[PDB]
Amino acid sequence: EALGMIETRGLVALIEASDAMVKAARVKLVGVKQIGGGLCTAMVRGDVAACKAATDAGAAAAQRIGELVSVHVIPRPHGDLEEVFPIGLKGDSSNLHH
Amino acid sequence: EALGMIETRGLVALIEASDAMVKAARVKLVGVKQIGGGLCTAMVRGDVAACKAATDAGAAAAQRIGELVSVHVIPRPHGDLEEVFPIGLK
Amino acid sequence: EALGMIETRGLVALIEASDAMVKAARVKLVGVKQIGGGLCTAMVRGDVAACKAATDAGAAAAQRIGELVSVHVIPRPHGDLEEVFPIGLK
Amino acid sequence: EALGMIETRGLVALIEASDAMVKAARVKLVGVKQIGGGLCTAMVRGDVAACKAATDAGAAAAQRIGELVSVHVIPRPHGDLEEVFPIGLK
Amino acid sequence: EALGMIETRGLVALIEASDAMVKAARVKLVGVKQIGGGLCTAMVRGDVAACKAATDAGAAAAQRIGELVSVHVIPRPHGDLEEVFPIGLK
Amino acid sequence: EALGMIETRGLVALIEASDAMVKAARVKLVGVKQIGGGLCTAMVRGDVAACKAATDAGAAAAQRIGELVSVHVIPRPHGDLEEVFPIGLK
């Protein structure tokens, strides 16, 4: 699956984009993270062409209400990019152990 | 049933808003928040019209005692939203 | 009972105003929450007027110690505000 | 019965401050604190005047190393301050 | 082995780097620390030749997606570095 | 024993300097720390001239990858500093 994300400086701006994203296309919202500075990021997985459209509409709704800084998509997430980023669906590592 | 929120720089603006918000219409305050930064956000959920009123009161009520950043209401939050954001009635 | 609250940008100013605040008149320091940002805020609850005297003086003493962001008071803090901000009696 | 503080933008400017304070006079360093924005505060307790020499010396040692933002001292802190502020003797 | 890292302002730029790093060459992505004002840093470890191919590609691909604040590889970090920084093979 | 320390803004910068720092003279990296705004420090102890040279190399190594806030040495840390700062050998 593709990785879509947008990062905003300003939460409210973030939630709105997350709303429009998951509304735009067939993409789930595998979570969000903030890292200080007021910067904070939301991330989604889906059909590549889904995550493309969602982010696109995400950036829109974001610019409208707040300060959007960056948006980007990644058709080919590195496998091991996960054990390190909230980019995960729950592969049930722990609920997978039983 | 709907979701209104406002984003400040300044806690004291955010608390004033909250207060105008609930006090302005029929909408329960479901989450405050922070993102490092000095920025933090308050949340409410009620009738579409309810949230627009309180949002309107808070934005204004904060305009006066500090920095306002953002107001918005989302009439019909996508379900996915809630599992991620502090946005539900517990 | 009313709610007084001051907010600054620097802990020193802050613990300073709270000290006037509590010294000025009939009020009790009840919470302090930090947004990081270098913004920090204190909270006290007296009879409305005891929170005006109290604040007024707090912001003063603060400003000499440096950078102050907000002062404000709310005589009748909406009820469910308590359950979301460190404003509560205890 | 004397409470000296220093506030810096930068840790190494504060670890210096404290080092000179404890050294200058007979005041007991009862805790550090940080509040985002790279601001943080060192606290010390002693003889009123002893807090004055110690502050004057530590403030001054930081102004050389870097970013100094606050130096104050309260000879007679309310008791409310202890239970909320980390100035506690321990 | 060698240790290369990239530091960004922005998590997104960051996430892209790592992804282009782990792709560019024979390197294992071993860490991501994070600090204030949204600077987050990313660790990797491999052939010193290989930590170059990667830091170069990860530096680049961030460049276009946002704010890069530093690239560097250390061929042979001291053993100390290990016990005080997220570099270690876990 | 003394104390060398070299504060930054930017982690990667701080890594290179802890490395070279510990690589310059004989000294022990006793620990690190951040306090927001993305300032952070490393802290080592060793024979006092150890620290002079090491700090001094970390400062150069640092001045280049990124931005350096503070270097300093305090040959004779007041024993008190140590129960409040990540300064000790544990």
# chains A, B, ... in the order shown; residues from 1 in each chain; ligands from 1
call {"tool": "closest_atom_pairs", "arguments": {"of": "chain E", "to": "chain F", "cutoff": "12 Å", "atoms": "only C-alpha atoms", "output": "JSON lines"}}
result
{"residue": "E:3", "atom": "CA", "partner": "F:15", "partner_atom": "CA", "distance": 10.7}
{"residue": "E:4", "atom": "CA", "partner": "F:12", "partner_atom": "CA", "distance": 9.5}
{"residue": "E:5", "atom": "CA", "partner": "F:12", "partner_atom": "CA", "distance": 6.9}
{"residue": "E:6", "atom": "CA", "partner": "F:12", "partner_atom": "CA", "distance": 7.2}
{"residue": "E:7", "atom": "CA", "partner": "F:12", "partner_atom": "CA", "distance": 6.2}
{"residue": "E:8", "atom": "CA", "partner": "F:10", "partner_atom": "CA", "distance": 9.0}
{"residue": "E:9", "atom": "CA", "partner": "F:10", "partner_atom": "CA", "distance": 9.7}
{"residue": "E:32", "atom": "CA", "partner": "F:11", "partner_atom": "CA", "distance": 10.9}
{"residue": "E:33", "atom": "CA", "partner": "F:11", "partner_atom": "CA", "distance": 8.6}
{"residue": "E:34", "atom": "CA", "partner": "F:11", "partner_atom": "CA", "distance": 8.4}
{"residue": "E:35", "atom": "CA", "partner": "F:38", "partner_atom": "CA", "distance": 5.4}
{"residue": "E:36", "atom": "CA", "partner": "F:38", "partner_atom": "CA", "distance": 4.2}
{"residue": "E:37", "atom": "CA", "partner": "F:37", "partner_atom": "CA", "distance": 5.0}
{"residue": "E:38", "atom": "CA", "partner": "F:38", "partner_atom": "CA", "distance": 7.6}
{"residue": "E:39", "atom": "CA", "partner": "F:38", "partner_atom": "CA", "distance": 6.6}
{"residue": "E:40", "atom": "CA", "partner": "F:11", "partner_atom": "CA", "distance": 8.1}
{"residue": "E:41", "atom": "CA", "partner": "F:11", "partner_atom": "CA", "distance": 7.0}
{"residue": "E:42", "atom": "CA", "partner": "F:12", "partner_atom": "CA", "distance": 8.9}
{"residue": "E:43", "atom": "CA", "partner": "F:12", "partner_atom": "CA", "distance": 9.6}
{"residue": "E:68", "atom": "CA", "partner": "F:66", "partner_atom": "CA", "distance": 11.2}
{"residue": "E:69", "atom": "CA", "partner": "F:66", "partner_atom": "CA", "distance": 7.5}
{"residue": "E:70", "atom": "CA", "partner": "F:65", "partner_atom": "CA", "distance": 6.3}
{"residue": "E:71", "atom": "CA", "partner": "F:65", "partner_atom": "CA", "distance": 7.2}
{"residue": "E:72", "atom": "CA", "partner": "F:65", "partner_atom": "CA", "distance": 7.1}
{"residue": "E:73", "atom": "CA", "partner": "F:16", "partner_atom": "CA", "distance": 8.8}
{"residue": "E:74", "atom": "CA", "partner": "F:16", "partner_atom": "CA", "distance": 7.4}
{"residue": "E:75", "atom": "CA", "partner": "F:16", "partner_atom": "CA", "distance": 10.9}
{"residue": "E:76", "atom": "CA", "partner": "F:19", "partner_atom": "CA", "distance": 9.2}
{"residue": "E:77", "atom": "CA", "partner": "F:19", "partner_atom": "CA", "distance": 6.3}
{"residue": "E:78", "atom": "CA", "partner": "F:19", "partner_atom": "CA", "distance": 5.9}
{"residue": "E:79", "atom": "CA", "partner": "F:19", "partner_atom": "CA", "distance": 8.9}
{"residue": "E:80", "atom": "CA", "partner": "F:29", "partner_atom": "CA", "distance": 6.5}
{"residue": "E:81", "atom": "CA", "partner": "F:19", "partner_atom": "CA", "distance": 6.2}
{"residue": "E:82", "atom": "CA", "partner": "F:19", "partner_atom": "CA", "distance": 9.9}
{"residue": "E:83", "atom": "CA", "partner": "F:31", "partner_atom": "CA", "distance": 8.7}
{"residue": "E:84", "atom": "CA", "partner": "F:31", "partner_atom": "CA", "distance": 6.0}
{"residue": "E:85", "atom": "CA", "partner": "F:15", "partner_atom": "CA", "distance": 8.0}
{"residue": "E:86", "atom": "CA", "partner": "F:15", "partner_atom": "CA", "distance": 10.5}
{"residue": "E:87", "atom": "CA", "partner": "F:15", "partner_atom": "CA", "distance": 10.2}
call {"tool": "calpha_fit_and_write", "arguments": {"fixed": "chain C", "moving": "chain F", "output": "CSV table (one decimal) with N, CA and C atoms, in the first residue's frame"}}
result
chain,number,residue,atom,x,y,z
F,1,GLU,N,-17.8,30.3,42.6
F,1,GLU,CA,-16.8,31.4,42.7
F,1,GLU,C,-16.0,31.6,41.4
F,2,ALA,N,-15.4,32.8,41.3
F,2,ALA,CA,-14.7,33.1,40.1
F,2,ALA,C,-13.3,32.5,39.8
F,3,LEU,N,-12.6,33.1,38.8
F,3,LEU,CA,-11.3,32.6,38.3
F,3,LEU,C,-10.4,33.7,37.8
F,4,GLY,N,-9.3,33.9,38.5
F,4,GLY,CA,-8.3,34.8,38.0
F,4,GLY,C,-7.2,34.0,37.4
F,5,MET,N,-6.7,34.4,36.2
F,5,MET,CA,-5.5,33.8,35.7
F,5,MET,C,-4.6,34.7,35.0
F,6,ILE,N,-3.3,34.4,35.0
F,6,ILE,CA,-2.3,35.3,34.5
F,6,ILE,C,-1.1,34.5,33.9
F,7,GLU,N,-1.2,34.4,32.5
F,7,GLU,CA,-0.3,33.6,31.7
F,7,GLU,C,1.0,34.4,31.4
F,8,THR,N,2.1,33.6,31.3
F,8,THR,CA,3.4,34.3,31.0
F,8,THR,C,4.1,33.6,29.8
F,9,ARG,N,5.3,34.1,29.6
F,9,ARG,CA,6.3,33.3,28.9
F,9,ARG,C,7.6,33.5,29.7
F,10,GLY,N,8.0,32.5,30.5
F,10,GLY,CA,9.1,32.7,31.4
F,10,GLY,C,8.5,32.3,32.8
F,11,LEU,N,9.1,31.3,33.4
F,11,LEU,CA,8.5,30.8,34.7
F,11,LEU,C,8.7,31.7,35.9
F,12,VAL,N,10.0,32.1,36.1
F,12,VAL,CA,10.3,33.1,37.1
F,12,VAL,C,9.3,34.2,37.2
F,13,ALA,N,8.9,34.7,36.0
F,13,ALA,CA,8.0,35.8,35.9
F,13,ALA,C,6.7,35.3,36.5
F,14,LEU,N,6.3,34.1,36.2
F,14,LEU,CA,5.1,33.5,36.6
F,14,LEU,C,5.0,33.2,38.1
F,15,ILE,N,6.2,33.0,38.7
F,15,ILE,CA,6.3,32.8,40.1
F,15,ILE,C,5.9,34.1,40.9
F,16,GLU,N,6.6,35.2,40.6
F,16,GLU,CA,6.4,36.4,41.3
F,16,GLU,C,5.0,36.9,41.3
F,17,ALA,N,4.2,36.4,40.3
F,17,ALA,CA,2.9,36.9,40.1
F,17,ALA,C,1.9,36.0,40.7
F,18,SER,N,2.3,34.8,40.9
F,18,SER,CA,1.4,33.9,41.7
F,18,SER,C,1.5,34.3,43.2
F,19,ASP,N,2.7,34.7,43.5
F,19,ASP,CA,3.0,35.2,44.9
F,19,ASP,C,2.2,36.4,45.2
F,20,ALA,N,2.5,37.5,44.5
F,20,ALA,CA,1.8,38.7,44.7
F,20,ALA,C,0.3,38.5,44.5
F,21,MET,N,-0.1,37.7,43.5
F,21,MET,CA,-1.4,37.4,43.2
F,21,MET,C,-2.1,36.9,44.5
F,22,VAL,N,-1.6,35.9,45.1
F,22,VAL,CA,-2.1,35.3,46.3
F,22,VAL,C,-1.9,36.2,47.5
F,23,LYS,N,-1.1,37.3,47.3
F,23,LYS,CA,-0.7,38.2,48.3
F,23,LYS,C,-1.6,39.5,48.3
F,24,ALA,N,-2.2,39.7,47.1
F,24,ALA,CA,-3.0,40.9,46.9
F,24,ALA,C,-4.4,40.7,47.6
F,25,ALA,N,-5.2,39.9,47.1
F,25,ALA,CA,-6.5,39.6,47.7
F,25,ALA,C,-6.5,38.2,48.3
F,26,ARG,N,-7.6,37.9,48.9
F,26,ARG,CA,-7.9,36.6,49.4
F,26,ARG,C,-8.3,35.7,48.2
F,27,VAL,N,-7.4,34.8,47.9
F,27,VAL,CA,-7.6,33.9,46.8
F,27,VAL,C,-6.7,32.6,46.9
F,28,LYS,N,-7.2,31.5,46.3
F,28,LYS,CA,-6.4,30.3,46.4
F,28,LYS,C,-5.8,29.8,45.1
F,29,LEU,N,-4.5,29.7,45.1
F,29,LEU,CA,-3.7,29.2,44.0
F,29,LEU,C,-4.0,27.8,43.7
F,30,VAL,N,-4.9,27.5,42.8
F,30,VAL,CA,-5.4,26.2,42.6
F,30,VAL,C,-4.5,25.4,41.7
F,31,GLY,N,-3.6,26.0,41.0
F,31,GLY,CA,-2.7,25.3,40.2
F,31,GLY,C,-2.1,26.1,39.0
F,32,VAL,N,-1.2,25.4,38.3
F,32,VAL,CA,-0.4,26.0,37.2
F,32,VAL,C,-0.5,25.1,36.0
F,33,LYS,N,0.2,25.5,34.9
F,33,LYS,CA,0.3,24.7,33.7
F,33,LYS,C,1.2,25.4,32.7
F,34,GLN,N,1.9,24.5,32.0
F,34,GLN,CA,2.7,24.9,30.8
F,34,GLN,C,2.1,24.2,29.6
F,35,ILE,N,2.4,24.7,28.4
F,35,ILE,CA,1.9,24.1,27.2
F,35,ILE,C,2.9,24.3,26.0
F,36,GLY,N,4.1,24.6,26.4
F,36,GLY,CA,5.2,24.7,25.5
F,36,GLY,C,5.5,26.1,25.1
F,37,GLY,N,6.4,26.3,24.1
F,37,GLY,CA,6.9,27.6,23.8
F,37,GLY,C,7.2,28.4,25.0
F,38,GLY,N,7.2,27.7,26.2
F,38,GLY,CA,7.5,28.4,27.4
F,38,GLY,C,6.5,29.4,27.9
F,39,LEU,N,5.3,29.3,27.4
F,39,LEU,CA,4.1,29.9,27.9
F,39,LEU,C,3.6,29.1,29.1
F,40,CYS,N,3.1,29.7,30.1
F,40,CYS,CA,2.5,29.0,31.2
F,40,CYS,C,1.6,29.9,32.0
F,41,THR,N,0.7,29.3,32.8
F,41,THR,CA,-0.3,30.0,33.5
F,41,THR,C,-0.4,29.6,35.0
F,42,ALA,N,-0.8,30.6,35.8
F,42,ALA,CA,-1.3,30.2,37.1
F,42,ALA,C,-2.8,30.4,37.2
F,43,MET,N,-3.5,29.8,38.1
F,43,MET,CA,-4.9,29.8,38.2
F,43,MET,C,-5.4,29.8,39.6
F,44,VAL,N,-6.1,30.9,40.0
F,44,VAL,CA,-6.7,31.0,41.3
F,44,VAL,C,-8.2,31.2,41.3
F,45,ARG,N,-8.8,30.8,42.4
F,45,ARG,CA,-10.3,31.1,42.6
F,45,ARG,C,-10.4,31.7,44.0
F,46,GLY,N,-11.5,32.6,44.1
F,46,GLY,CA,-11.8,33.3,45.3
F,46,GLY,C,-13.0,34.2,45.0
F,47,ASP,N,-13.4,35.0,46.0
F,47,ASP,CA,-14.5,35.9,45.9
F,47,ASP,C,-14.1,36.8,44.7
F,48,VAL,N,-15.0,37.0,43.8
F,48,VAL,CA,-14.8,37.6,42.5
F,48,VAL,C,-13.9,38.8,42.4
F,49,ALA,N,-14.0,39.7,43.4
F,49,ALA,CA,-13.2,41.0,43.4
F,49,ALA,C,-11.9,40.6,44.0
F,50,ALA,N,-11.8,39.5,44.7
F,50,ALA,CA,-10.5,39.0,45.1
F,50,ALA,C,-9.6,38.9,43.9
F,51,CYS,N,-10.2,38.3,42.9
F,51,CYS,CA,-9.4,37.9,41.7
F,51,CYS,C,-9.1,39.2,40.8
F,52,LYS,N,-10.0,40.2,40.9
F,52,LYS,CA,-9.8,41.4,40.1
F,52,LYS,C,-8.5,42.0,40.6
F,53,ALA,N,-8.4,42.3,41.9
F,53,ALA,CA,-7.3,42.9,42.5
F,53,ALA,C,-6.0,42.0,42.4
F,54,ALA,N,-6.2,40.7,42.6
F,54,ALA,CA,-5.0,39.8,42.6
F,54,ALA,C,-4.3,39.6,41.2
F,55,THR,N,-5.1,39.1,40.3
F,55,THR,CA,-4.7,39.2,38.9
F,55,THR,C,-4.0,40.5,38.7
F,56,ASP,N,-4.6,41.6,39.0
F,56,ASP,CA,-4.2,43.0,38.7
F,56,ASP,C,-2.8,43.3,39.2
F,57,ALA,N,-2.5,42.7,40.4
F,57,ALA,CA,-1.2,42.9,41.0
F,57,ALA,C,-0.1,41.9,40.5
F,58,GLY,N,-0.6,40.7,40.2
F,58,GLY,CA,0.3,39.8,39.6
F,58,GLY,C,0.8,40.3,38.2
F,59,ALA,N,-0.1,41.1,37.6
F,59,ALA,CA,0.2,41.5,36.2
F,59,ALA,C,1.3,42.6,36.2
F,60,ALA,N,1.2,43.4,37.3
F,60,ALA,CA,2.2,44.4,37.4
F,60,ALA,C,3.5,43.8,37.9
F,61,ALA,N,3.5,43.1,39.0
F,61,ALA,CA,4.6,42.4,39.5
F,61,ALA,C,5.3,41.7,38.4
F,62,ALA,N,4.5,41.1,37.4
F,62,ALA,CA,5.0,40.3,36.3
F,62,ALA,C,5.7,41.2,35.3
F,63,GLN,N,4.9,42.2,34.8
F,63,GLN,CA,5.3,43.1,33.8
F,63,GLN,C,6.8,43.6,33.9
F,64,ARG,N,7.3,43.4,35.1
F,64,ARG,CA,8.7,43.9,35.4
F,64,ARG,C,9.8,42.9,35.4
F,65,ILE,N,9.6,41.7,36.0
F,65,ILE,CA,10.7,40.7,36.0
F,65,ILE,C,10.8,40.2,34.6
F,66,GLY,N,9.7,40.1,33.9
F,66,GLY,CA,9.7,39.5,32.5
F,66,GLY,C,8.5,39.9,31.6
F,67,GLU,N,8.1,39.0,30.7
F,67,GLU,CA,7.2,39.4,29.7
F,67,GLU,C,5.8,38.7,30.0
F,68,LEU,N,4.8,39.5,30.0
F,68,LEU,CA,3.4,39.0,30.4
F,68,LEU,C,2.5,38.8,29.1
F,69,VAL,N,2.0,37.6,29.0
F,69,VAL,CA,1.1,37.3,27.8
F,69,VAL,C,-0.3,37.7,28.0
F,70,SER,N,-0.9,37.2,29.0
F,70,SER,CA,-2.4,37.4,29.2
F,70,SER,C,-2.8,37.4,30.7
F,71,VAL,N,-3.6,38.4,31.0
F,71,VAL,CA,-4.3,38.3,32.3
F,71,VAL,C,-5.8,38.3,31.9
F,72,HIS,N,-6.6,37.7,32.8
F,72,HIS,CA,-8.0,37.7,32.5
F,72,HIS,C,-8.7,37.3,33.8
F,73,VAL,N,-10.0,37.6,33.9
F,73,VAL,CA,-10.8,37.0,34.9
F,73,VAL,C,-12.1,36.6,34.2
F,74,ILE,N,-12.6,35.5,34.7
F,74,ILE,CA,-13.9,34.9,34.3
F,74,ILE,C,-14.7,34.6,35.5
F,75,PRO,N,-15.5,35.5,36.0
F,75,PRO,CA,-16.3,35.5,37.2
F,75,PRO,C,-17.1,34.2,37.3
F,76,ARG,N,-17.5,33.6,36.3
F,76,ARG,CA,-18.5,32.5,36.4
F,76,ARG,C,-18.2,31.4,35.5
F,77,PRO,N,-17.1,30.7,35.7
F,77,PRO,CA,-16.6,29.6,35.0
F,77,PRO,C,-17.7,28.6,34.8
F,78,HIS,N,-18.0,28.3,33.5
F,78,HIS,CA,-19.0,27.3,33.2
F,78,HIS,C,-18.5,26.1,33.9
F,79,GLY,N,-19.3,25.4,34.7
F,79,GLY,CA,-19.0,24.2,35.4
F,79,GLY,C,-18.2,23.2,34.6
F,80,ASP,N,-18.4,23.2,33.3
F,80,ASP,CA,-17.8,22.2,32.5
F,80,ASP,C,-16.3,22.4,32.3
F,81,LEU,N,-15.9,23.7,32.2
F,81,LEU,CA,-14.5,24.0,32.0
F,81,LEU,C,-13.7,23.2,32.9
F,82,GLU,N,-14.2,22.9,34.1
F,82,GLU,CA,-13.4,22.4,35.3
F,82,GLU,C,-12.9,21.0,35.2
F,83,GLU,N,-13.4,20.2,34.3
F,83,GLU,CA,-13.1,18.8,34.3
F,83,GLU,C,-12.1,18.6,33.1
F,84,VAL,N,-11.3,19.6,32.9
F,84,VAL,CA,-10.5,19.6,31.7
F,84,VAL,C,-9.4,20.7,31.8
F,85,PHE,N,-9.6,21.5,32.8
F,85,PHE,CA,-8.6,22.6,33.1
F,85,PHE,C,-8.3,22.5,34.6
F,86,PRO,N,-7.1,22.7,35.0
F,86,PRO,CA,-6.6,22.7,36.4
F,86,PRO,C,-7.1,23.8,37.2
F,87,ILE,N,-8.4,23.9,37.3
F,87,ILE,CA,-9.2,25.1,37.7
F,87,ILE,C,-9.8,24.9,39.1
F,88,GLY,N,-10.2,23.7,39.4
F,88,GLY,CA,-10.9,23.4,40.6
F,88,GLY,C,-10.0,23.5,41.9
F,89,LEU,N,-10.7,23.5,43.0
F,89,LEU,CA,-10.1,23.4,44.3
F,89,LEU,C,-9.7,21.9,44.6
F,90,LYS,N,-9.3,21.2,43.5
F,90,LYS,CA,-9.0,19.7,43.5
F,90,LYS,C,-10.2,18.9,42.9
call {"tool": "interface_residues", "arguments": {"of": "chain A", "to": "chain D", "cutoff": "12 Å", "atoms": "only C-alpha atoms", "output": "list in words"}}
result
residues 36, 37 and 38 of chain A
call {"tool": "select_by_dssp", "arguments": {"residues": "chain B", "states": "alpha helix (DSSP H)", "output": "VMD selection string"}}
result
chain B and resid 11 to 24 48 to 65 79 to 84
call {"tool": "write_last_selection", "arguments": {"atoms": "N, CA, C and O atoms", "output": "short mmCIF file (atom, residue, chain, number, x, y, z; two decimals), in the first residue's frame"}}
result
data_model
loop_
_atom_site.label_atom_id
_atom_site.label_comp_id
_atom_site.auth_asym_id
_atom_site.auth_seq_id
_atom_site.Cartn_x
_atom_site.Cartn_y
_atom_site.Cartn_z
N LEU B 11 -2.77 29.70 26.55
CA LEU B 11 -3.70 28.85 27.24
C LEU B 11 -4.87 29.70 27.68
O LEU B 11 -6.02 29.34 27.44
N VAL B 12 -4.59 30.85 28.29
CA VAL B 12 -5.63 31.74 28.79
C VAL B 12 -6.66 32.19 27.73
O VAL B 12 -7.81 32.45 28.05
N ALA B 13 -6.26 32.30 26.47
CA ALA B 13 -7.25 32.53 25.41
C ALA B 13 -8.12 31.29 25.25
O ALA B 13 -9.35 31.36 25.21
N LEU B 14 -7.47 30.13 25.16
CA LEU B 14 -8.19 28.90 25.00
C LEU B 14 -9.20 28.68 26.14
O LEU B 14 -10.28 28.11 25.91
N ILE B 15 -8.91 29.10 27.36
CA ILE B 15 -9.87 28.76 28.41
C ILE B 15 -11.07 29.69 28.33
O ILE B 15 -12.20 29.28 28.58
N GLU B 16 -10.82 30.94 27.98
CA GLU B 16 -11.89 31.91 27.81
C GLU B 16 -12.86 31.43 26.73
O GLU B 16 -14.08 31.56 26.86
N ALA B 17 -12.30 30.88 25.66
CA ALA B 17 -13.09 30.48 24.52
C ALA B 17 -14.02 29.40 25.00
O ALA B 17 -15.25 29.57 25.04
N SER B 18 -13.43 28.28 25.40
CA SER B 18 -14.19 27.18 25.94
C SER B 18 -15.41 27.72 26.67
O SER B 18 -16.54 27.36 26.40
N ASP B 19 -15.16 28.63 27.59
CA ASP B 19 -16.20 29.16 28.46
C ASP B 19 -17.31 29.87 27.70
O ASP B 19 -18.50 29.69 28.01
N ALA B 20 -16.95 30.69 26.72
CA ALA B 20 -17.95 31.32 25.87
C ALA B 20 -18.67 30.26 25.09
O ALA B 20 -19.89 30.28 25.01
N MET B 21 -17.92 29.31 24.53
CA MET B 21 -18.48 28.22 23.74
C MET B 21 -19.63 27.48 24.44
O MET B 21 -20.78 27.58 24.01
N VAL B 22 -19.34 26.73 25.49
CA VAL B 22 -20.40 26.00 26.17
C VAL B 22 -21.48 26.99 26.55
O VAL B 22 -22.69 26.71 26.41
N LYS B 23 -21.04 28.15 27.04
CA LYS B 23 -21.96 29.12 27.59
C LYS B 23 -22.77 29.75 26.47
O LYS B 23 -23.73 30.44 26.74
N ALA B 24 -22.38 29.52 25.22
CA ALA B 24 -23.06 30.18 24.08
C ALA B 24 -24.13 29.32 23.42
O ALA B 24 -25.03 29.85 22.79
N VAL B 48 -24.75 21.03 14.52
CA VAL B 48 -24.20 21.92 13.52
C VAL B 48 -24.35 23.41 13.90
O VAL B 48 -23.36 24.14 14.03
N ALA B 49 -25.59 23.86 14.04
CA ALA B 49 -25.86 25.25 14.38
C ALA B 49 -25.29 25.55 15.78
O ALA B 49 -24.70 26.61 15.99
N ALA B 50 -25.45 24.61 16.71
CA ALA B 50 -24.87 24.78 18.03
C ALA B 50 -23.38 25.15 17.94
O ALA B 50 -22.97 26.14 18.52
N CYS B 51 -22.60 24.36 17.21
CA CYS B 51 -21.16 24.51 17.14
C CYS B 51 -20.75 25.81 16.47
O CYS B 51 -19.77 26.45 16.87
N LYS B 52 -21.49 26.21 15.44
CA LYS B 52 -21.20 27.47 14.74
C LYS B 52 -21.37 28.67 15.68
O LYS B 52 -20.73 29.70 15.51
N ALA B 53 -22.25 28.53 16.67
CA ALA B 53 -22.56 29.62 17.59
C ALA B 53 -21.43 29.79 18.59
O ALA B 53 -20.87 30.87 18.75
N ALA B 54 -21.11 28.68 19.25
CA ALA B 54 -20.03 28.59 20.21
C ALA B 54 -18.67 28.86 19.57
O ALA B 54 -17.91 29.69 20.05
N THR B 55 -18.36 28.16 18.49
CA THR B 55 -17.19 28.53 17.69
C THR B 55 -17.15 30.04 17.49
O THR B 55 -16.10 30.65 17.63
N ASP B 56 -18.30 30.64 17.16
CA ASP B 56 -18.34 32.06 16.83
C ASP B 56 -18.09 32.89 18.07
O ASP B 56 -17.49 33.96 17.99
N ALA B 57 -18.54 32.38 19.20
CA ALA B 57 -18.42 33.11 20.44
C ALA B 57 -16.99 33.02 20.93
O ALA B 57 -16.42 34.01 21.38
N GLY B 58 -16.41 31.82 20.83
CA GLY B 58 -15.03 31.59 21.28
C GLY B 58 -13.98 32.35 20.47
O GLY B 58 -13.13 33.04 21.03
N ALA B 59 -14.05 32.23 19.15
CA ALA B 59 -13.16 32.96 18.25
C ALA B 59 -13.10 34.44 18.66
O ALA B 59 -12.03 35.05 18.78
N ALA B 60 -14.29 34.98 18.88
CA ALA B 60 -14.46 36.35 19.27
C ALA B 60 -13.96 36.57 20.68
O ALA B 60 -13.14 37.45 20.93
N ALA B 61 -14.48 35.77 21.60
CA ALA B 61 -14.09 35.87 23.00
C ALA B 61 -12.57 35.77 23.20
O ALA B 61 -12.03 36.34 24.15
N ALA B 62 -11.89 35.06 22.31
CA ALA B 62 -10.44 34.96 22.40
C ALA B 62 -9.74 36.13 21.67
O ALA B 62 -8.73 36.68 22.13
N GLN B 63 -10.29 36.51 20.51
CA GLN B 63 -9.83 37.69 19.78
C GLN B 63 -9.43 38.79 20.76
O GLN B 63 -8.55 39.59 20.49
N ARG B 64 -10.10 38.82 21.90
CA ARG B 64 -9.99 39.93 22.84
C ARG B 64 -8.87 39.76 23.86
O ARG B 64 -8.18 40.73 24.16
N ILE B 65 -8.68 38.57 24.41
CA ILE B 65 -7.63 38.45 25.42
C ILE B 65 -6.39 37.67 24.97
O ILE B 65 -5.54 37.34 25.80
N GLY B 79 -15.98 9.04 10.58
CA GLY B 79 -15.77 8.15 11.73
C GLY B 79 -14.31 7.88 12.07
O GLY B 79 -13.92 7.82 13.25
N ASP B 80 -13.49 7.71 11.04
CA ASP B 80 -12.08 7.42 11.26
C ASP B 80 -11.45 8.45 12.17
O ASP B 80 -10.69 8.09 13.08
N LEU B 81 -11.78 9.72 11.94
CA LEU B 81 -11.26 10.82 12.75
C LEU B 81 -11.15 10.50 14.24
O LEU B 81 -10.10 10.71 14.84
N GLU B 82 -12.25 10.00 14.82
CA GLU B 82 -12.38 9.91 16.28
C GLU B 82 -11.38 8.97 16.94
O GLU B 82 -10.92 9.25 18.05
N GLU B 83 -11.05 7.87 16.28
CA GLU B 83 -10.15 6.88 16.86
C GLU B 83 -8.74 7.47 16.99
O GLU B 83 -7.89 6.92 17.68
N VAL B 84 -8.52 8.60 16.32
CA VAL B 84 -7.21 9.21 16.29
C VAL B 84 -7.20 10.44 17.17
O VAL B 84 -6.30 10.64 17.98
#
call {"tool": "select_by_dssp", "arguments": {"residues": "chain E", "states": "strand (DSSP E)", "output": "PyMOL selection string"}}
result
chain E and resi 2-9+27-34+39-46+67-74
call {"tool": "decode", "arguments": {"residues": "segment 17-21 of chain A", "atoms": "N, CA and C atoms", "output": "compact mmCIF listing (two decimals), in the first residue's frame"}}
result
# COMPACT_ATOMS: atom_id res chain seq x y z
N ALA A 17 -7.88 18.47 7.40
CA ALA A 17 -7.28 17.85 6.24
C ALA A 17 -7.49 16.36 6.36
N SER A 18 -7.26 15.83 7.56
CA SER A 18 -7.46 14.41 7.81
C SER A 18 -8.89 14.07 7.45
N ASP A 19 -9.81 14.96 7.79
CA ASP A 19 -11.20 14.73 7.43
C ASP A 19 -11.41 14.69 5.92
N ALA A 20 -10.94 15.71 5.22
CA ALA A 20 -11.11 15.74 3.77
C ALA A 20 -10.37 14.60 3.06
N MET A 21 -9.22 14.19 3.60
CA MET A 21 -8.42 13.11 3.01
C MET A 21 -9.23 11.81 2.97
